[PDB]
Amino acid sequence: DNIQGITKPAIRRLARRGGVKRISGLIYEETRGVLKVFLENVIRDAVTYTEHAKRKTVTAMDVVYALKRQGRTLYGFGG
């Protein structure tokens, strides 16, 4: 599938910025699953603000507002 687009070397790069030194082999599929749950929760809310405004295009603001109610405020695209 597409989730495999998020590759081991990229997952490994994230881990490194997180200060991780050694990584187990099963971490990669574990990460993908968490990333997917994260995006689903946020995108769901973003899409809900999109539909509410009657648009067909998801806006930065829709994402920003969604991240905010998930308690994950993001600065830089407005917030």
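Start at 1 with the first residue shown and count on from there. What we label the rigid core is the largest C-alpha set whose atoms superpose within 1.5 Å from one form to the other.
Asks: Going by root mean square C-alpha distance after a core fit, say whether 67-75 or 11-19 is farther from the shown form in 4 other deposited structures of this protein.
Replies: Checking 67-75 against 11-19 in 4 other deposited structures of this protein, I find the farther stretch is 67-75.
Asks: State the tercile, meaning the lowest, middle or highest third, of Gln70 with respect to the CA B-factors recorded for its chain.
Replies: Ranked within chain, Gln70 CA B lands in the lowest tercile.
Asks: Can you work out whether the C-alpha temperature factor of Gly25 puts it in the lowest, middle or highest third of the chain?
Replies: As the PDB entry reports it, the C-alpha B-factor of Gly25 lands in the middle third of its chain.
Asks: For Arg17, return the chain-relative third of its C-alpha B-factor as stated in the PDB record: lowest, middle or highest.
Replies: Within its chain, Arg17 is a lowest-third residue by C-alpha B-factor, going by the deposited values.
Asks: Ranking every modelled residue in this chain by its Cα temperature factor as given in the entry, which third contains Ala53?
Replies: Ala53: CA B-factor falls in the highest third of its chain.
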